[PDB]
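Enquirer: any chance you can model this:
(6 chains)
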Amino acid sequence: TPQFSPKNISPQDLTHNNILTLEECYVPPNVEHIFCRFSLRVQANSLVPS
Amino acid sequence: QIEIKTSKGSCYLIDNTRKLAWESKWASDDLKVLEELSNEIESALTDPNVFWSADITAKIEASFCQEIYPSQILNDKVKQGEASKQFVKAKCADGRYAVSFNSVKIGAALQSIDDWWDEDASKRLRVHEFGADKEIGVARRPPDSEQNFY
Amino acid sequence: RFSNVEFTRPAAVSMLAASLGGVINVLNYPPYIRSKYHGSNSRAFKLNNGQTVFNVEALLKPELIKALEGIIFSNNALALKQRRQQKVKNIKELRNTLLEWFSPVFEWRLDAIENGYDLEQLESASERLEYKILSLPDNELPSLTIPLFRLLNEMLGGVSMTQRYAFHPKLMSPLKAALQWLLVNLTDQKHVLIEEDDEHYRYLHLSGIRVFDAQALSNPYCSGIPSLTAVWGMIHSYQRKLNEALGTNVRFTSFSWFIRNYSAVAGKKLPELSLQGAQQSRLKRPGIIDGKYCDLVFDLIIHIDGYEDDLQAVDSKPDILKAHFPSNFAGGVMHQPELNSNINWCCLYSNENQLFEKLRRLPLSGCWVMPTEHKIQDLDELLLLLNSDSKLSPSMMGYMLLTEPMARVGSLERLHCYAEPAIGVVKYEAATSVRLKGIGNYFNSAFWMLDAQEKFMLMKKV
DNA sequence: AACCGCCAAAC
DNA sequence: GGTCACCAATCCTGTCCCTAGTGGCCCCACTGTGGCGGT
RNA sequence: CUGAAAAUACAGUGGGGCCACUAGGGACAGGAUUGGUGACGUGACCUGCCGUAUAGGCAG
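Expert: Residues are numbered from 1 along each chain as shown, chains lettered A, B, ... in the order given. Next up is the structure itself:
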């Protein structure tokens, strides 16, 4: 309960699971290096208000 | 096609009413239907200690956008905005009105049996105390005659 | 609310009719039964005895405490109980108001098992069909009550917004609401009744009765439902035929009347040709009299008294019971439900629990025609009382005798008397309201009888 | 005397 | 053998227009549905 | 034994002719979704034969 008291639902329902449908990203086997690339542009926009 | 279901539990069917008339000779099955249902109606007319109801349904093969001819309401004080010709309606389970016949209209049709008013009467009048003919507008059993009910 | 009756030549009728050009006004209060949509605590707040704010919030009280202390003629405790007798009916009315919308929600949630009016909008409405009000079961929800106690916290915000919270009694009202929970549900109540006798009684339930073109004009003052004296007369004709058929002597003492469907039928009725009177009586059509006609579908519950010899003589003959059911009602044609409906339309019951278990399965859009005990001294009080409550209707109650009964030529019976039609008030209660109010309330405060006295014959309660 | 005549107006 | 994780979050700043105008002609049904005193 | 009984609204039907919505136009600036998780062991799919054959056929 919100103030720490056990509410009585089945003893077997506590070991029960939830089905999770996730997306997972792993490196393929025997791929030594992974790469992350982005491009950065810098403009002089802090001199004058737009 | 006329289907008749009875409270007794019978189920009568006339296949085509175009093949029947009042004076014409019928088929055997149609005479059997007439005989059986006449016996049930006669039993209902003569014995006070029996219940007798019937659900009667006519199924007509419609022509393309054919005109229907239901009961017309009696109105002698019609307004300028309203329809001069209106029909007798019955409200359904939802807020829709089925176009219908009056009970007295059906009653008038069922009791069109009186052709005893003449020795060789072809026309069947609606049973009336003075044998009133709606088409001609005369009494076939006039009040001055001995043929009227009184 | 008034509707019109037009006359052809009004000067032949009266001077009052001649002055108005033949257009006579009649009180138009018909029952309104809709098949369609459900669209909050709304039904309470609308019933406005009830809630939202005022008439008559707030007690804040002082008002209730002062009333109890005044009623303390005969001992503080005995007074509080005497206050309660009126104040508990008043406190019960507060719960009944509050329950009006709880009734609607539940109702929907049955029909549905899907929906309210709007499932999400209901869930949003502070006092609607919540999956928490969903259950537990009715029965277990009432046995739980809990919901009723919680709603008291919600009634810190609506069912009297702010004022009058700890004030004379709020605890007593909460206790009454918690008690009503138990009453609001199910598989409870049940037994013990001086009415009718018991040696036993019977209950004849006539279900799904269809009537075509019954006279909506109860008396020439009021329009709406057919006359209760018409329902009495039909039941009395049914009794007479049954008692003469079986050779028994049972009495059809009281009835309760539930309307499923109602619709007004347009047009006048064409009279047939007959010998219309003059110096020389001629075969012609009579004058066309304007009237009001209705198609209605209803249920009757008739309360049968007599000896068990006669009752079990009645119960043994079901076909002879069905056979003598009349086919006339208020001028209209009266039929049993259709042969493909699969509805047993003429059922007998020995006990009240079995009948109430059958009766709470009725359509929820239909209306119980219920007797009231309101007093009226003139028309203006009746009109104010009609402008007060939206579910009240002026109707025909019966006959106040003018002359003394004596032998008169052309009389149907030995003695003839001229009488005046008396205007009373009925209530169009919802099926849900009668369902929640309990079995005792239904079997005490829904049944009509004819009080036949020396100088008046009126339909009333009991 | 049997048969033409008199008679109303609300929202 | 059976279920579909909790803990919080719904953005602020400014405005919906101006011009001009909704037609002429002709018509809205014939039958029936009266009581009462008198010359 | 019901503001009681009883009750056929009907026949016929030409809305027609003519018609220009037009001109003008900046949605814009800023942004961290994040932590943690066992599909199976009360189940049938076994044991062999023919065949060059993980082809294809067969016996309980």
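Enquirer: which residue packs closest to the closest residue to chain B within the stretch 51-200 of chain C, ignoring adjacent ones?
Expert: Closest residue of the stretch 51-200 of chain C to chain B, Cβ to the nearest Cβ: residue C:111 (14.3 Å). For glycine as for every other residue, the C-beta is placed from the backbone atoms N, C-alpha and C. Nearest non-adjacent residue to residue C:111, counting by Cβ to Cβ, 6 or more residues apart in numbering or on different chains: residue C:364, 7.2 Å away.
Enquirer: wait, the one you found touches residue C:436, no?
Expert: No: under the criterion of Cβ atoms under 8 Å, residue C:364 is not in contact with residue C:436, lying 11.8 Å apart.
Enquirer: neighbour count for those two, which is higher?
Expert: residue C:436 (22 against 16; other Cβ atoms under 10 Å in any protein chain shown).
Enquirer: helix or strand for that one, which one?
Expert: helix C:431-437 (DSSP states H and E).
Enquirer: other residues contacting that helix?
Expert: C:96, C:99-100, C:103-104, C:106-107, C:183-184, C:258, C:360, C:362-368, C:370, C:441-442, C:446 (Cβ atoms under 8 Å, 6 or more residues apart in numbering or on different chains).
Enquirer: list the buried residues for that helix?
Expert: C:431, C:432, C:433, C:434, C:435, C:436, C:437 (16 or more other Cβ atoms under 10 Å in any protein chain shown).
Enquirer: got the residues you listed as CSV, with distance to residue A:12 columns?
Expert: CSV is the format used below for the buried residues of helix C:431-437 (distance: Cβ to Cβ, whole Å):
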residue, distance to residue A:12
C:431, 43
C:432, 40
C:433, 44
C:434, 45
C:435, 39
C:436, 39
C:437, 44
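Enquirer: of the residues you listed, which pair is most distant in space?
Expert: Pairwise distances across the buried residues of helix C:431-437 peak at 11.0 Å for C:431 and C:437 (criterion: Cβ to Cβ).
Enquirer: ok, the closest residue to DNA strand E within chain B to residue C:320 distance?
Expert: Residue of chain B nearest DNA strand E, by Cβ to the nearest atom of the strand: residue B:76 (4.1 Å). When distance is defined by Cβ to Cβ, to the nearest Å, residue B:76 is 47 Å away from residue C:320.
Enquirer: neighbour count winner among these two?
Expert: Legend: neighbour count by other Cβ under 10 Å for residue B:76 and residue C:320, higher for residue C:320 (18 against 9).
Enquirer: I'd say that one and residue C:244 touch.
Expert: No: applying Cβ under 8 Å, one finds residue C:320 not in contact with residue C:244, separated by 11.2 Å.
Enquirer: for chain C, what lies in contact range of DNA strand E?
Expert: By the criterion of Cβ under 7 Å from any atom of the strand, the positions of chain C lying close to DNA strand E are C:8-9, C:11-12, C:270, C:276-279, C:284-288.
Enquirer: thinking again about what came up before, any quick PyMOL command for the buried ones out of the contacts of helix C:431-437?
Expert: Selection of buried members from these for PyMOL, criterion 16+ other Cβ under 10 Å:
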select buried, chain C and resi 96+99+100+103+104+106+107+183+184+258+362+364+366+367+368+370+441+442+446
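Enquirer: distance check, residue C:221 against residue C:338.
Expert: Applying Cβ to Cβ to residue C:221 and residue C:338 gives a distance of 36 Å.
Enquirer: what residues are bridge-paired with residue C:212?
Expert: Note on residue C:212: beta-bridge partners residue C:333, judged by DSSP bridges.
Enquirer: if I look at it, how far off is DNA strand D?
Expert: 30 Å (Cβ to the nearest atom of the strand, to the nearest Å).
Enquirer: which residues touch that residue?
Expert: B:103, C:295, C:332, C:333, C:335.
Enquirer: I'd like the residues you listed laid out as TSV, including distance to RNA strand F and neighbour count.
Expert: Output for the contacts of residue C:212, formatted as TSV (distance: Cβ to the nearest atom of the strand, whole Å; neighbours: other Cβ atoms under 10 Å in any protein chain shown):
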residue	distance to RNA strand F	neighbour count
B:103	8	15
C:295	15	19
C:332	8	23
C:333	9	15
C:335	13	18
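Enquirer: any chance of those residues in JSON lines, with distance to residue C:215 too?
Expert: Shown next, in JSON lines, are the contacts of residue C:212 (distance: Cβ to Cβ, whole Å):
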{"residue": "B:103", "distance to residue C:215": "14"}
{"residue": "C:295", "distance to residue C:215": "12"}
{"residue": "C:332", "distance to residue C:215": "7"}
{"residue": "C:333", "distance to residue C:215": "12"}
{"residue": "C:335", "distance to residue C:215": "17"}
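Enquirer: closest to residue C:414 among these?
Expert: Nearest to residue C:414 among those, with distances taken as Cβ to Cβ, is residue C:332, at 30.2 Å.
Enquirer: okay but that closest one is in contact with residue C:216, surely?
Expert: No: using Cβ under 8 Å, residue C:332 makes no contact with residue C:216, being 9.9 Å away.
Enquirer: so what sits against both of these two?
Expert: Common neighbours of residue C:332 and residue C:216 (Cβ under 8 Å, 6+ apart) are C:226, C:293.
Enquirer: the residue in chain A that DNA strand D sits nearest to: neighbour count?
Expert: Relative to DNA strand D, the nearest point of chain A is residue A:2 (64.8 Å; Cβ to the nearest atom of the strand). Residue A:2: 4 surrounding residues under other Cβ under 10 Å.
Enquirer: ok, it to residue C:157 distance?
Expert: 21 Å.
Enquirer: in terms of neighbours, single out the busier of residue C:221 and residue C:338.
Expert: Neighbour comparison, residue C:221 and residue C:338: the larger count goes to residue C:221, with 17 against 13 (by other Cβ under 10 Å).
Enquirer: what is the helix ranked longest in chain C packed up against?
Expert: For chain C, the longest helix by residue count, based on DSSP state H, is helix C:76-112. Contacts defined by 3 or more Cβ pairs under 8 Å, 6 or more residues apart in numbering or on different chains; DSSP states H and E place helix C:76-112 against helix C:43-46, helix C:63-70, helix C:119-124, helix C:172-184, helix C:431-437.
Enquirer: and residue B:47, which of these is closest to it?
Expert: Smallest distance to residue B:47 across the helices and strands packed on helix C:76-112 (Cβ to Cβ): 38.6 Å, for helix C:431-437.
Enquirer: following the longest helix seen in chain B, which helix or strand shows up next?
Expert: Assignment by DSSP H gives helix B:28-46 as the longest helix of chain B. As assigned by DSSP H and E, the chain's next helix or strand after helix B:28-46 is strand B:54-58.
Enquirer: okay, now the sheet partners of the helix or strand just after that following strand, with direction.
Expert: Per DSSP H and E, the first helix or strand lying C-terminal to strand B:54-58 is strand B:89-91. Within its sheet, and counting by DSSP bridges, strand B:89-91 is paired with strand B:97-99 (antiparallel).
Enquirer: which residues sit against the partner strand?
Expert: B:68, B:70, B:87, B:88, B:89, B:90, B:91, B:92.
Enquirer: can you give me the angle the helix or strand just after it makes with strand B:54-58?
Expert: The C-terminal neighbour of strand B:97-99 among helices and strands, as given by DSSP H and E, is helix B:103-110. If you take axes from the mean of the first three to the mean of the last three Cα atoms, to 10 degrees, helix B:103-110 sits at 80 degrees to strand B:54-58.
Enquirer: I'd say residue C:327 and residue C:333 touch.
Expert: Yes: counting by Cβ under 8 Å, residue C:333 is a contact partner of residue C:327 at 6.5 Å.
Enquirer: up against DNA strand E, what does chain B have?
Expert: B:76, B:80, B:84, B:85.
Enquirer: residues contacting the first one?
Expert: Put plainly, it is residue B:76. Going by Cβ under 8 Å, 6+ apart, the list of residues near residue B:76 reads C:8, C:268, C:288.
Enquirer: grab the nearest non-local neighbour of the last one.
Expert: With sequence-adjacent residues excluded and distances taken as Cβ to Cβ, 6+ apart, residue C:288 is closest to residue C:268, at 5.6 Å.
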